[PDB]
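First up is the structure itself, then whatever we jot down about it.
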Amino acid sequence: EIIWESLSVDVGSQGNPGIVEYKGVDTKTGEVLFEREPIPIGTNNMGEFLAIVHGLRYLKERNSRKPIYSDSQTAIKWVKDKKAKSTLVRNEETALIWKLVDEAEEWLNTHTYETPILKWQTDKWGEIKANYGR
RNA sequence: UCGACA
DNA sequence: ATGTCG
Ligand SMILES: [Cl-]
Ligand SMILES: [Mn+2]
Ligand SMILES: [Mn+2]
Ligand SMILES: [Mn+2]
Ligand SMILES: [Mn+2]
């Protein structure tokens with residue numbers, strides 16, 4: 001029941017909190033459609049969140065109605081709520097990740113989209129195509 | 001007390 | 001090990 005005609009996104013990190021990045025790939029081919037420059041400090045969930053929002057913006061800009069796959073239950077909820085409930089401390093070092101997160105929320109609250117955000121069923125389909133981790 | 005998704 | 005939700 002995999003919808004191959006879709007966009008798959010996923011976070012990648014070195015430590016958690018740690019260096020965070022993310023990418024979006026064509027679920028069907030695996031071709032990398034976009035990738036975020038590594039952010040010094042952030043959490044896994046913030047990254048998973050930014051990945052979905054970037055995916056929403058990527059698809060809207062190209063007038064695509066394809067759904068987005070994410071393996072993050074947390075990020076999917078945050079996007080649904082248009083509010084990332086991260087409890088990562090807000091300080092000088094986490095300023096960048098928080099700026100991106102707040103700006104992502106800002107975009108969600110000022111734009112519209114019908115993009116279905118679907119849960120990638122890892123336990124049945126294996127690793128999401130945009131995966132970085134082992 | 002966990003269970004789940006990362 | 002941590003980040004989060006049910
Ligand atoms: Cl971003
Ligand atoms: Mn993931
Ligand atoms: Mn990268
Ligand atoms: Mn905010
Ligand atoms: Mn992954």
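Heavy atoms only: backbone and side chains are in, while hydrogens, waters and symmetry mates are out. Within every chain, numbering begins at 1; the chains are lettered A, B, ... in the order of the sequence lines, protein sequences first and strands thereafter.
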Could you tell me how far apart [X] ([atom1]) and [N] ([atom2]) are, to the nearest whole angstrom?
X: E48(A); N: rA4(B); atom1: CD; atom2: P; value: 19 Å
X: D123(A); N: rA6(B); atom1: CG; atom2: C1'; value: 13 Å
X: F49(A); N: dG3(C); atom1: CZ; atom2: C1'; value: 15 Å
X: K80(A); N: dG6(C); atom1: NZ; atom2: P; value: 11 Å
X: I128(A); N: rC5(B); atom1: CD1; atom2: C1'; value: 12 Å
X: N45(A); N: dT4(C); atom1: CG; atom2: P; value: 5 Å
X: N44(A); N: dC5(C); atom1: CG; atom2: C1'; value: 12 Å
X: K119(A); N: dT4(C); atom1: NZ; atom2: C1'; value: 14 Å

Find the distance between CD (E37(A)) and OH (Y22(A)) and round it off to the nearest 0.5 Å.
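Going from CD on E37(A) over to OH on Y22(A), the span is 11.0 Å.
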
Rounded distance [0.5 Å steps], CE in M46(A) versus OG1 in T43(A)
5.0 Å

Check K99(A) with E103(A), please: is the shortest side-chain N to carboxylate O separation under 4.0 Å?
yes

Ignoring backbone atoms, establish whether [X] has a side-chain N or O less than 4.0 Å from OP1 or OP2 of [N].
X: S86(A); N: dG3(C); value: no
X: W120(A); N: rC5(B); value: no
X: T43(A); N: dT4(C); value: yes
X: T87(A); N: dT4(C); value: yes

Side chain to side chain contact (heavy atoms under 4.5 Å, CB included) for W78(A) and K85(A)? Distances and angles first, verdict last.
CA-CA 7 Å; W78(A) 287 358; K85(A) 200 172 182 59; 3.7 Å; yes

Select one nucleotide: of [options], the one nearest the side-chain heavy atoms of [X].
X: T122(A); options: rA6(B), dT4(C), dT2(C); answer: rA6(B)
X: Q73(A); options: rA6(B), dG3(C), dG6(C); answer: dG6(C)
X: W78(A); options: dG3(C), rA6(B), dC5(C); answer: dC5(C)

Does the cation-pi check pass for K23(A) over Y132(A), that is, NZ or CZ under 6.0 Å from the six-membered ring centre and within 45° of its axis?
yes

